[PDB]
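Undergrad: Shown below is the structure under consideration.
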Amino acid sequence: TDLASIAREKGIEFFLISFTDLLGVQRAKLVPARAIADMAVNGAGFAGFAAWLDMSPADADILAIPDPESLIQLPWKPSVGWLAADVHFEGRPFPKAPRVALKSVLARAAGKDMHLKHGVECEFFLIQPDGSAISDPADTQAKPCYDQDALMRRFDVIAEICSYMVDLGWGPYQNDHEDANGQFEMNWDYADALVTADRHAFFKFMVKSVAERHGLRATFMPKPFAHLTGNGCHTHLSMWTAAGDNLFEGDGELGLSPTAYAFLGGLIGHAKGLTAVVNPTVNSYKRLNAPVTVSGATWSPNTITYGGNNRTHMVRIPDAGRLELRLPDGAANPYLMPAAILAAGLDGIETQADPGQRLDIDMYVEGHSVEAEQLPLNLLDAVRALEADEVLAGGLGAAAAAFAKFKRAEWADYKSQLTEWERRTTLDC
Amino acid sequence: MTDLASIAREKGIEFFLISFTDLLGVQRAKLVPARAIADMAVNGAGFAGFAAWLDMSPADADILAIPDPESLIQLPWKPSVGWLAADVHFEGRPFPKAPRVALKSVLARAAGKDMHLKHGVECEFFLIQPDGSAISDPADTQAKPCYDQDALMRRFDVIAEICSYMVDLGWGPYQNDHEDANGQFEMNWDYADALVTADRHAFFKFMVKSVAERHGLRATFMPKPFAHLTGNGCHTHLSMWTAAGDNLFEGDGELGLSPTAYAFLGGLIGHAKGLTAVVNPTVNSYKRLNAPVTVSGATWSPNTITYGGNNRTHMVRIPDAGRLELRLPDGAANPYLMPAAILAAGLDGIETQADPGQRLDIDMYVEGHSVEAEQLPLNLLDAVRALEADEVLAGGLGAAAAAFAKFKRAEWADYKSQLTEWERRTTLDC
Amino acid sequence: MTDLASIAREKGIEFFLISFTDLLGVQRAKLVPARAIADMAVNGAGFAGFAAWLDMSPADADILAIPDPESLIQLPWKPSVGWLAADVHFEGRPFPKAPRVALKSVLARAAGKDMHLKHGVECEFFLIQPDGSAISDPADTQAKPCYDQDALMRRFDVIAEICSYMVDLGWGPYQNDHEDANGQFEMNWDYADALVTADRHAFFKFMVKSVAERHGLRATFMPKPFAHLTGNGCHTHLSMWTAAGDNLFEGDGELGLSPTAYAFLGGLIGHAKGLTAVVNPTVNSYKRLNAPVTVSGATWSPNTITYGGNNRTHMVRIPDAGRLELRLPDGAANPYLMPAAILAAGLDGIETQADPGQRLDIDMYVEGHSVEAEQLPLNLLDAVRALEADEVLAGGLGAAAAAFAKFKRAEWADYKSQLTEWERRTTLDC
Ligand SMILES: Nc1ncnc2c1ncn2[C@@H]1O[C@H](COP(=O)(O)OP(=O)(O)O)[C@@H](O)[C@H]1O
Ligand SMILES: Nc1ncnc2c1ncn2[C@@H]1O[C@H](COP(=O)(O)OP(=O)(O)O)[C@@H](O)[C@H]1O
Ligand SMILES: Nc1ncnc2c1ncn2[C@@H]1O[C@H](COP(=O)(O)OP(=O)(O)O)[C@@H](O)[C@H]1O
């Protein structure tokens with residue numbers, strides 16, 4: 001059926017034709033039902049220059065072509081229908097647009113009968129509308145993870161959103177209060193990478209929208225509070241044949257196949273550059289200065305290492321037939337992130353990359369001793385690692401170079417800023 | 001035969017709170033939609049143990065909290081949610097550091113000797129301002145406020161609502177009182193098998209806190225929340241039953257007690273110091289009014305390792321034939337570790353035919369200065385040392401004891417850096 | 001022949017400040033009454049080194065700070081007090097981690113080759129509100145404020161007072177300027193033997209801070225105290241003299257320089273990265289305005305490892321025949337470690353006949369994007385790594401280098417936990 005006919009059936013009065021730009025910003029146009037047919041076929045016009053797409057004011061408008069299978073009637077306002085879209089420029093999918101970049105990598109893998117499936121653990125904070133503190137002043141204890149009281153104190157927003165995911169058929173299965181005061185997580189079933197990526201982009205918008213409707217605010221910022229741990233976006237990954245078999249399932253260590261370990265080998269070999277994409281902000285690189293590893297230290301790995309059922313590494317092996325990449329944070333682009341991961345993975349497969357030795361230790365503690373390689377310490381270094389990484393850069397195409405340019409400009413901006421701390425500690429130098 | 005998915009459908013349960021109690025008594029829970037409960041009930045809900053008070057490592061596999069379907073409680077103030085108590089499992093086995101698991105281990109040993117602990121709890125709590133700075137009722141001020149009719153009825157709405165919930169839940173509530181301190185209250189219900197009472201105890205605190213907050217108030221089970229007032233006890237009533245339904249404490253001796261009851265009592269006396277660490281488990285548990293002429297609420301807490309008689313002045317009171325009341329525990333006492341440690345002490349007393357000593361039919365707050373009675377530990381650190389040195393208790397509670405002690409010493413080091421306003425005001429001019 | 005007790009009597013000195021500079025540039029001092037100075041001058045003033053920035057242990061014997069009687073300065077704003085610079089001694093020997101001692105070691109090596117470093121410092125500073133939140137003069141606002149006559153005279157009282165002090169002290173002050181940033185100032189004086197200039201540098205900062213505060217203001221030598229303004233340089237002028245009084249940098253080559261000057265310059269270029277760590281020693285030292293069209297005060301700091309010519313756009317300027325100006329250092333540069341590290345780099349250049357490369361007679365803020373010039377370290381951690389990897393510098397400064405690096409990494413770990421308002425505002429909606 002066409003979108004126009006569905007608009008009539010479901011009572012949809014407007015569609016949000018939406019695309020994700022290089023910085024993860026949701027760009028959208030609100031079009032009345034009477035216009036969906038024309039837009040569905042010809043796309044909605046946007047001036048790509050006004051988004052983060054590294055285009056020119058003199059370029060022809062991009063046409064964003066809605067994927068009708070992505071359709072989501074806003075559960076809090078069903079008369080509006082959300083669509084994810086592919087940005088086209090001059091008659092071709094635009095390779096700097098993240099969803100397009102992802103579909104390209106997916107296409108290469110599918111051509112080898114390898115279909116990436118993933119699921120995302122999107123931690124977020126519920127905070128005051130002005131952003132200055134968490135939403136619950138009573139959520140204060142040192143180890144608040146899974147706090148029953150605080151969890152239920154936010155039952156209304158959490159349960160409302162969860163029920164929405166049930167109805168949407170995402171298979172939500174748990175809601176938690178996470179490690180930091182004010183921090184939460186709502187998990188749902190993994191799916192085909194494109195499906196999960198669309199849900200991911202929609203989910204952030206749904207959480208922000210519902211929080212705001214309850215007089216609160218949600219943030220997926222990696223390190224919103226100086227005194228608390230950060231928002232991870234830990235990602236679970238597996239590769240499937242079209243016929244429905246999990247290629248990662250095998251008879252090797254921990255129930256993993258050689259394909260799984262070669263994929264993991266790409267993740268390891270490509271970790272430095274991968275960091276730039278999945279920890280994509282200046283803020284992504286801040287850490288509590290704590291010798292005694294906080295309860296939430298696990299939100300982020302420090303070392304290019306794996307694995308085991310061990311939340312202390314860059315890659316965890318939770319179970320047979322999957323890998324968990326713990327590297328990504330809450331700012332990770334829903335499309336660029338799976339795309340860059342897949343590019344690194346496929347390469348590991350094609351080069352039969354060796355992931356090295358599994359470390360069955362606590363990398364936060366007994367891993368000071370080990371000569372494990374360290375992850376990039378800031379945005380600029382991660383970006384340089386990305387540019388120097390030919391497989392990764394070539395994997396993502398022109399998205400990589402445009403991304404790197406935006407991040408360098410953010411870096412320059414950042415370097416003009418003063419922290420209160422440096423003023424306090426240097427004024428009397 | 002208890003199928004959670006089917007009950008969710010019958011009763012309109014949209015979410016379950018799969019919950020467990022950690023070593024510090026904190027309620028840890030995950031909110032799972034009904035569509036996920038079958039899987040969770042069989043396999044458990046995963047939690048990173050490191051993130052709770054379980055003395056685990058960041059690198060450990062997640063624990064799996066396996067819900068006890070029999071504990072199910074639809075939240076009376078929000079029936080679409082079903083609360084479940086759970087046993088922490090680690091590496092395919094029950095996790096001995098988890099309080100509910102520690103308790104079940106002791107009960108199993110007792111049950112193997114055909115001895116079944118039943119207890120009831122007197123969970124005093126205060127109703128206070130949301131910011132915690134004062135009691136909830138500024139008109140509750142009189143020097144002797146206990147059982148004040150006015151103040152009690154002024155909080156009729158919160159108390160009656162919670163009591164009605166307990167009626168419907170089948171706990172057999174039978175009385176609600178204003179207790180000894182201004183702002184202090186208590187709601188009693190029927191004793192039951194220890195695990196049943198423990199689960200109810202854990203749920204009860206959550207219910208009182210939740211309902212208070214819905215009414216714009218706050219509840220606290222803190223031992224000594226106000227410097228000018230007496231404290232929250234968790235006085236505990238105890239009896240031991242055969243599988244066939246006989247109360248072993250019932251007998252022909254003094255006050256209607258059997259020698260078994262007296263030997264159990266003997267274990268409580270013998271293990272008192274270490275017991276204090278578990279049932280008075282916070283730095284705050286050791287604060288006391290400095291009054292030369294006693295006080296109305298002095299009874300909230302015993303000072304001496306003594307019993308008994310129908311006398312609220314001792315560590316152990318004999319309220320009636322067939323039971324002992326341990327008056328030691330305070331409101332911070334872990335709902336599971338407390339019955340566990342008490343049972344460990346009492347089983348040892350029975351096994352050794354422990355002698356409880358002389359019953360003192362005197363007022364221990366007065367006449368108990370004279371009597372050469374042994375004093376209870378005066379602070380957290382001394383209690384913790386007595387616990388670590390107590391083989392029966394430490395061994396009885398398993399690894400839970402050592403982890404508990406490590407946590408308490410860390411709290412103690414924290415406490416030792418703090419300054420009271422008093423010491424500043426009285427020492428600044430030294 | 002310089003007797004402190006006798007001078008105290010002649011000149012009315014009631015107290016001495018026996019002072020030393022630690023690795024972070026902090027002035028450590030003890031206030032001793034005149035009656036004690038003889039003993040202190042011979043034996044030194046005791047300090048617990050652990051309590052200053054000297055990377056020592058609580059268990060170490062106190063260091064003894066032995067005052068250099070020749071450094072004596074009666075505080076011009078309070079002549080009853082006599083300031084003395086001191087060498088830190090530990091276990092009967094000069095302490096190599098102490099900056100003044102580190103500097104004297106390098107000078108001794110240079111002097112052993114009949115090479116005597118003389119330098120002068122351009123110590124920019126801002127005059128600011130006592131609370132540090134803004135510059136001291138709310139009327140100093142114009143986009144190009146450099147040498148503003150109005151704003152300069154509006155602070156005539158503090159500037160003239162300090163200048164007069166420098167006149168009486170014999171430093172040969174010759175000019176006072178409003179510098180490039182609003183609120184920024186500079187007071188120049190004659191170059192001198194390196195140790196003399198270093199002592200004066202240390203005293204000067206203290207004098208400016210002290211006099212500003214007496215006038216209800218505050219002075220700061222912080223590199224980048226205001227986000228909207230350029231920074232405080234400590235541009236340093238350098239020449240090397242024989243004992244007989246000849247300036248070795250003077251010669252017949254380009255711009256009146258000898259091959260010795262060019263080889264010295266070659267060492268500055270070769271050792272630039274590591275040098276950056278010492279003379280730009282704070283996290284704050286690496287902040288910069290983000291302007292596409294340069295700025296009036298852009299010159300406060302070089303971006304590239306290049307020279308030279310009478311050109312304020314490079315890391316090294318050749319102001320005139322017979323000297324080099326290193327523009328690298330900022331206001332946080334340790335008065336002793338900075339000349340020490342510079343001299344270590346320059347002596348190596350002379351020893352290796354280091355090639356400085358091509359002089360660039362261009363505007364490096366503009367035309368220096370094109371030129372394939374090497375960039376200076378972009379942050380503290382990278383500078384520190386370059387320093388640790390620099391054998392000549394690390395070896396030249398001795399244990400002072402390693403301790404310095406340890407301190408800077410610790411500051412860095414501290415910095416990495418901080419959030420700017422900018423990143424919160426631009427990332428909260430990610
Ligand atoms: N084979 C798989 N491939 C990709 N993602 C998966 C796979 N299996 C599960 N996931 C997803 O991983 C995420 C985390 O699952 P979860 O069972 O909570 O992991 P764990 O309990 O081990 O931490 C969920 O979104 C889940 O659906
Ligand atoms: N045989 C028993 N064993 C354990 N607890 C009991 C027993 N009998 C009563 N209790 C419980 O003791 C608690 C207090 O009972 P209560 O009659 O109010 O004591 P009293 O009036 O003597 O002070 C209640 O929870 C009650 O159910
Ligand atoms: N031969 C020299 N060696 C070291 N420093 C010198 C030498 N000559 C002058 N200086 C010092 O350099 C600093 C700057 O001098 P100045 O004449 O104002 O430089 P310019 O005007 O070229 O920018 C002063 O402290 C000055 O005394």
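We name chains A, B, ... following the order of the structure tokens; residues begin at 1 in each chain, and ligands are numbered from 1 as shown.
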Show me which residues are within 10 Å of ligand 1 counting only C-alpha atoms and all ligand atoms, and format the list as number ranges by chain.
TA: A: 116-122, 170-174, 186-193, 196, 234-240, 246-249, 309-311, 316-324; B: 45-48, 61-64
Undergrad: Within 8 Å of ligand 2, which residues show up when you count only C-alpha atoms and all ligand atoms? List them as a PDB file with C-alpha atoms, in the first residue's frame, please.
TA:
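Dumped everything to out24.pdb:
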ATOM      1  CA  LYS B 118       8.838 -17.751  62.466  1.00  0.00           C
ATOM      2  CA  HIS B 119       9.122 -14.061  63.258  1.00  0.00           C
ATOM      3  CA  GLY B 120       7.294 -10.758  63.280  1.00  0.00           C
ATOM      4  CA  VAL B 121       8.751  -7.275  62.995  1.00  0.00           C
ATOM      5  CA  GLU B 122       7.878  -3.985  64.694  1.00  0.00           C
ATOM      6  CA  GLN B 175      -2.914  -2.269  64.923  1.00  0.00           C
ATOM      7  CA  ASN B 188       1.922  -4.215  63.081  1.00  0.00           C
ATOM      8  CA  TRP B 189       0.969  -7.421  61.259  1.00  0.00           C
ATOM      9  CA  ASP B 190       0.980 -11.208  61.853  1.00  0.00           C
ATOM     10  CA  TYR B 191       4.243 -13.105  62.254  1.00  0.00           C
ATOM     11  CA  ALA B 192       4.915 -15.768  59.626  1.00  0.00           C
ATOM     12  CA  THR B 236      11.628  -8.759  66.484  1.00  0.00           C
ATOM     13  CA  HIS B 237       9.416 -11.555  67.817  1.00  0.00           C
ATOM     14  CA  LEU B 238      10.747 -15.112  67.447  1.00  0.00           C
ATOM     15  CA  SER B 239       9.516 -18.704  67.789  1.00  0.00           C
ATOM     16  CA  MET B 240      10.638 -22.067  66.391  1.00  0.00           C
ATOM     17  CA  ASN B 247       5.854 -24.272  68.901  1.00  0.00           C
ATOM     18  CA  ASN B 310       7.361  -8.913  80.173  1.00  0.00           C
ATOM     19  CA  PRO B 319       6.229 -11.046  76.029  1.00  0.00           C
ATOM     20  CA  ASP B 320       4.237 -14.200  76.580  1.00  0.00           C
ATOM     21  CA  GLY B 322       6.073 -19.400  73.403  1.00  0.00           C
ATOM     22  CA  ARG B 323       8.166 -16.489  72.094  1.00  0.00           C
ATOM     23  CA  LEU B 324      11.157 -14.205  72.575  1.00  0.00           C
ATOM     24  CA  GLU B 325      11.354 -10.581  71.564  1.00  0.00           C
TER      25      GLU B 325
END
Undergrad: Sorted by chain and rising residue number, list the residues of chain A at most 10 Å from chain C (counting only C-alpha atoms), each with its closest atom pair and distance in Å to one decimal, as JSON lines.
TA:
{"residue": "A:23", "atom": "CA", "partner": "C:430", "partner_atom": "CA", "distance": 8.0}
{"residue": "A:24", "atom": "CA", "partner": "C:430", "partner_atom": "CA", "distance": 6.9}
{"residue": "A:25", "atom": "CA", "partner": "C:430", "partner_atom": "CA", "distance": 7.1}
{"residue": "A:26", "atom": "CA", "partner": "C:430", "partner_atom": "CA", "distance": 9.7}
{"residue": "A:131", "atom": "CA", "partner": "C:428", "partner_atom": "CA", "distance": 7.6}
{"residue": "A:132", "atom": "CA", "partner": "C:424", "partner_atom": "CA", "distance": 9.3}
{"residue": "A:204", "atom": "CA", "partner": "C:430", "partner_atom": "CA", "distance": 9.1}
{"residue": "A:208", "atom": "CA", "partner": "C:429", "partner_atom": "CA", "distance": 8.9}
{"residue": "A:217", "atom": "CA", "partner": "C:429", "partner_atom": "CA", "distance": 9.7}
{"residue": "A:218", "atom": "CA", "partner": "C:429", "partner_atom": "CA", "distance": 8.4}
{"residue": "A:219", "atom": "CA", "partner": "C:428", "partner_atom": "CA", "distance": 5.7}
{"residue": "A:220", "atom": "CA", "partner": "C:430", "partner_atom": "CA", "distance": 6.2}
{"residue": "A:221", "atom": "CA", "partner": "C:428", "partner_atom": "CA", "distance": 5.2}
{"residue": "A:222", "atom": "CA", "partner": "C:427", "partner_atom": "CA", "distance": 8.2}
{"residue": "A:223", "atom": "CA", "partner": "C:419", "partner_atom": "CA", "distance": 8.3}
{"residue": "A:224", "atom": "CA", "partner": "C:424", "partner_atom": "CA", "distance": 6.4}
{"residue": "A:225", "atom": "CA", "partner": "C:419", "partner_atom": "CA", "distance": 7.6}
{"residue": "A:226", "atom": "CA", "partner": "C:418", "partner_atom": "CA", "distance": 6.0}
{"residue": "A:227", "atom": "CA", "partner": "C:417", "partner_atom": "CA", "distance": 8.2}
{"residue": "A:228", "atom": "CA", "partner": "C:417", "partner_atom": "CA", "distance": 9.8}
{"residue": "A:281", "atom": "CA", "partner": "C:427", "partner_atom": "CA", "distance": 7.7}
{"residue": "A:282", "atom": "CA", "partner": "C:423", "partner_atom": "CA", "distance": 7.2}
{"residue": "A:283", "atom": "CA", "partner": "C:423", "partner_atom": "CA", "distance": 6.1}
{"residue": "A:284", "atom": "CA", "partner": "C:427", "partner_atom": "CA", "distance": 9.5}
{"residue": "A:285", "atom": "CA", "partner": "C:416", "partner_atom": "CA", "distance": 7.6}
{"residue": "A:286", "atom": "CA", "partner": "C:416", "partner_atom": "CA", "distance": 5.2}
{"residue": "A:287", "atom": "CA", "partner": "C:417", "partner_atom": "CA", "distance": 4.9}
{"residue": "A:288", "atom": "CA", "partner": "C:417", "partner_atom": "CA", "distance": 4.9}
{"residue": "A:289", "atom": "CA", "partner": "C:417", "partner_atom": "CA", "distance": 5.9}
{"residue": "A:290", "atom": "CA", "partner": "C:413", "partner_atom": "CA", "distance": 9.3}
{"residue": "A:330", "atom": "CA", "partner": "C:430", "partner_atom": "CA", "distance": 7.9}
{"residue": "A:331", "atom": "CA", "partner": "C:430", "partner_atom": "CA", "distance": 5.7}
{"residue": "A:332", "atom": "CA", "partner": "C:430", "partner_atom": "CA", "distance": 8.8}
{"residue": "A:333", "atom": "CA", "partner": "C:430", "partner_atom": "CA", "distance": 9.2}
{"residue": "A:377", "atom": "CA", "partner": "C:416", "partner_atom": "CA", "distance": 9.4}
{"residue": "A:378", "atom": "CA", "partner": "C:416", "partner_atom": "CA", "distance": 9.5}
{"residue": "A:409", "atom": "CA", "partner": "C:290", "partner_atom": "CA", "distance": 9.4}
{"residue": "A:410", "atom": "CA", "partner": "C:423", "partner_atom": "CA", "distance": 9.6}
{"residue": "A:411", "atom": "CA", "partner": "C:290", "partner_atom": "CA", "distance": 9.9}
{"residue": "A:412", "atom": "CA", "partner": "C:290", "partner_atom": "CA", "distance": 6.2}
{"residue": "A:413", "atom": "CA", "partner": "C:290", "partner_atom": "CA", "distance": 6.0}
{"residue": "A:414", "atom": "CA", "partner": "C:422", "partner_atom": "CA", "distance": 7.5}
{"residue": "A:415", "atom": "CA", "partner": "C:287", "partner_atom": "CA", "distance": 5.3}
{"residue": "A:416", "atom": "CA", "partner": "C:288", "partner_atom": "CA", "distance": 4.9}
{"residue": "A:417", "atom": "CA", "partner": "C:227", "partner_atom": "CA", "distance": 5.9}
{"residue": "A:418", "atom": "CA", "partner": "C:227", "partner_atom": "CA", "distance": 6.1}
{"residue": "A:419", "atom": "CA", "partner": "C:420", "partner_atom": "CA", "distance": 5.2}
{"residue": "A:420", "atom": "CA", "partner": "C:420", "partner_atom": "CA", "distance": 7.7}
{"residue": "A:421", "atom": "CA", "partner": "C:418", "partner_atom": "CA", "distance": 7.2}
{"residue": "A:422", "atom": "CA", "partner": "C:284", "partner_atom": "CA", "distance": 6.1}
{"residue": "A:423", "atom": "CA", "partner": "C:225", "partner_atom": "CA", "distance": 6.4}
{"residue": "A:424", "atom": "CA", "partner": "C:132", "partner_atom": "CA", "distance": 8.9}
{"residue": "A:425", "atom": "CA", "partner": "C:284", "partner_atom": "CA", "distance": 9.4}
{"residue": "A:426", "atom": "CA", "partner": "C:222", "partner_atom": "CA", "distance": 5.7}
{"residue": "A:427", "atom": "CA", "partner": "C:222", "partner_atom": "CA", "distance": 5.2}
{"residue": "A:428", "atom": "CA", "partner": "C:220", "partner_atom": "CA", "distance": 6.2}
{"residue": "A:429", "atom": "CA", "partner": "C:332", "partner_atom": "CA", "distance": 5.7}
Undergrad: DSSP on the backbone, then: every residue of region 218-353 of chain C marked strand (DSSP E or B), written as a PyMOL selection string.
TA: chain C and resi 218-220+233-241+247+250+257+304+307+316-320+323-326+330
Undergrad: Would you kindly return, as a PyMOL selection string, each protein, DNA or RNA residue with an atom no farther than 8 Å from any atom of residue 360 (chain C), considering only C-alpha atoms and excluding same-chain residues fewer than 3 positions away?
TA: chain C and resi 306-309
Undergrad: Using only C-alpha atoms and all ligand atoms, pick whichever of C:193, C:199, C:382, C:351 has the shortest atom-to-atom distance to ligand 3.
TA: C:193
Undergrad: Show which residues sit within 12 Å of residue 157 (chain B), as an NGL selection string. Count only C-alpha atoms, and ignore same-chain residues fewer than 6 positions away.
TA: :B and (151 or 163-164 or 211-212 or 214-217)
Undergrad: Since we have the selection now, will you write its residues out, keeping N, CA, C and O atoms, as a PDB file, in the first residue's frame?
TA:
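Output saved as out29.pdb:
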ATOM      1  N   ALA B 151      -2.640  13.436  66.867  1.00  0.00           N
ATOM      2  CA  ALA B 151      -1.585  13.322  65.860  1.00  0.00           C
ATOM      3  C   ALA B 151      -1.772  12.068  65.005  1.00  0.00           C
ATOM      4  O   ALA B 151      -1.490  12.076  63.813  1.00  0.00           O
ATOM      5  N   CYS B 163      -2.544   0.408  55.818  1.00  0.00           N
ATOM      6  CA  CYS B 163      -3.152  -0.690  56.574  1.00  0.00           C
ATOM      7  C   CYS B 163      -4.136  -1.487  55.719  1.00  0.00           C
ATOM      8  O   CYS B 163      -4.122  -2.716  55.727  1.00  0.00           O
ATOM      9  N   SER B 164      -4.991  -0.785  54.985  1.00  0.00           N
ATOM     10  CA  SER B 164      -5.946  -1.441  54.101  1.00  0.00           C
ATOM     11  C   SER B 164      -5.237  -2.294  53.067  1.00  0.00           C
ATOM     12  O   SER B 164      -5.713  -3.368  52.717  1.00  0.00           O
ATOM     13  N   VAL B 211       3.976   5.384  49.515  1.00  0.00           N
ATOM     14  CA  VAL B 211       2.693   5.987  49.821  1.00  0.00           C
ATOM     15  C   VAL B 211       2.882   7.349  50.506  1.00  0.00           C
ATOM     16  O   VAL B 211       2.178   8.304  50.183  1.00  0.00           O
ATOM     17  N   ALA B 212       3.833   7.444  51.432  1.00  0.00           N
ATOM     18  CA  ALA B 212       4.118   8.731  52.062  1.00  0.00           C
ATOM     19  C   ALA B 212       4.402   9.805  50.993  1.00  0.00           C
ATOM     20  O   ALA B 212       3.824  10.893  50.995  1.00  0.00           O
ATOM     21  N   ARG B 214       3.567   9.842  47.857  1.00  0.00           N
ATOM     22  CA  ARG B 214       2.351  10.168  47.108  1.00  0.00           C
ATOM     23  C   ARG B 214       1.476  11.171  47.860  1.00  0.00           C
ATOM     24  O   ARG B 214       0.676  11.874  47.251  1.00  0.00           O
ATOM     25  N   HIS B 215       1.635  11.252  49.179  1.00  0.00           N
ATOM     26  CA  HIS B 215       0.834  12.182  49.974  1.00  0.00           C
ATOM     27  C   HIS B 215       1.587  13.466  50.279  1.00  0.00           C
ATOM     28  O   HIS B 215       1.146  14.257  51.103  1.00  0.00           O
ATOM     29  N   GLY B 216       2.735  13.653  49.639  1.00  0.00           N
ATOM     30  CA  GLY B 216       3.525  14.857  49.856  1.00  0.00           C
ATOM     31  C   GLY B 216       4.408  14.810  51.092  1.00  0.00           C
ATOM     32  O   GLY B 216       4.970  15.823  51.497  1.00  0.00           O
ATOM     33  N   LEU B 217       4.531  13.626  51.689  1.00  0.00           N
ATOM     34  CA  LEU B 217       5.380  13.425  52.852  1.00  0.00           C
ATOM     35  C   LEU B 217       6.559  12.510  52.501  1.00  0.00           C
ATOM     36  O   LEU B 217       6.784  12.193  51.345  1.00  0.00           O
TER      37      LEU B 217
END
Undergrad: Which residue is closest to residue 402 (chain A)? Choose from A:96, A:358, A:368, A:199 and count only C-alpha atoms.
TA: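 Checking each of A:96, A:358, A:368, A:199 against residue 402 (chain A), counting only C-alpha atoms, the winner is A:96.
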Undergrad: Counting only C-alpha atoms, which of C:134, C:107, C:362, C:275 gets nearest to residue 241 (chain C)?
TA: C:107
Undergrad: What are the DSSP alpha helix (DSSP H) residues of region 184-234 of chain B, as a list in words?
TA: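 So, restricting region 184-234 of chain B to alpha helix (DSSP H), we get residues 194, 195, 196, 197, 198, 199, 200, 201, 202, 203, 204, 205, 206, 207, 208, 209, 210, 211, 212, 213 and 214 of chain B.
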Undergrad: Compare C:356, C:44, C:183, C:245 by their minimum atom-to-atom distance to ligand 3, counting only C-alpha atoms and all ligand atoms, and give me the closest one.
TA: C:245
Undergrad: Show which residues sit within 12 Å of residue 359 (chain C), as a VMD selection string. Count only C-alpha atoms, and ignore same-chain residues fewer than 4 positions away.
TA: chain C and resid 254 to 255 262 265 to 266 269 305 to 311 313 to 318 355 363 to 364 371 373
Undergrad: Find the distance between CA of residue 216 (chain A) and CA of residue 141 (chain A) and write it in Å to one decimal.
TA: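 One can read the CA of residue 216 (chain A) to CA of residue 141 (chain A) distance as 21.0 Å.
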Undergrad: Just want the 9 Å neighbourhood of residue 271 (chain A), counted on only C-alpha atoms, with same-chain residues fewer than 5 positions away dropped. Output as a PyMOL selection string.
TA: chain A and resi 266+304+314+327+344+375-376
